[PDB]
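Taking the form deposited in one PDB entry, here's one chain by itself in structure tokens.
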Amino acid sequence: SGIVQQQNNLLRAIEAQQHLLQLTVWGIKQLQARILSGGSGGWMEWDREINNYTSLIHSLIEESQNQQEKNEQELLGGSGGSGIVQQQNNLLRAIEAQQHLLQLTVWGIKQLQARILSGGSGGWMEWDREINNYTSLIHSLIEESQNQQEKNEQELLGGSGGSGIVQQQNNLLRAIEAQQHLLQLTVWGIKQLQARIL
């Protein structure tokens, strides 16, 4: 589909990730309250960062929804302008904020696992390697997307037949796909902890 529809799809995917992310945050808090005070070992810092990034991602979603509506109206009118490149900026910032949240949830799961399970049995050793692999992939994808965003905001041909906007859309799609997998990995880890604690 056209770039504006692809951006709609990606925004919807970010919203869906956010719902599940939020469930994971609450799941971790539920587990933590059973087994830890929450007043040592980084947990108050964690609560703060989670709170901030949750606010930030919702604000980014709002900004992206406003731009998406504008872009869809302009498309139906046969215009279109710098709104597509701005929307890639918006979606990249949302992806970055969700990556912070994902990494915070990984930290929380690791603290709980270290407390209430031992070592690498039960699938945990390979979980750790895959978390590190997918986190690695995502950081690479984000950096490339940041570099492409700068290129698109400086170059002249993005809306005149150049490749930069199509390239960037693929970068953002691959980033979200990797983050979908990372979230499935954190869900697995939470479920293992629930089986032990709840």
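Residues that one form lacks are left out of the comparison. In this text, rigid core is short for the largest set of C-alphas that superpose within 1.5 Å between two forms. In case it trips you up, residue 1 is the first one in the sequence shown, and so on.
This protein has a second form, the form deposited in another entry, left out of what is shown; the following refers to that one.
If I align on the rigid core, exactly one of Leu157, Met44, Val166, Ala33 should have its C-alpha move by 2 Å or more between the shown form and the other one; which residue is that? The only residue crossing the 2 Å threshold is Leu157.
Taking the rigid core as the frame, does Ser121 move its C-alpha by 2 Å or more between the shown form and the other one? No, because once the rigid core is superposed, the C-alpha of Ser121 moves less than 2 Å between the shown form and the other one.
Inter-Cα distance between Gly81 and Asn147 in the other form, nearer or further [3 Å or more]: So the answer is closer.
Do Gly161 and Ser140 move together or apart in the other form, judged by C-alpha distance changing 3 Å or more? Here the pair is farther apart than in the other form; there, closer.
What moves between the shown form and the other one once the core is lined up, counting runs of 3 or more consecutive residues with C-alpha shifts of 2 angstroms or more? Runs 76 to 81, 156 to 162 stand out as displaced between the shown form and the other one - each at least 3 residues long.
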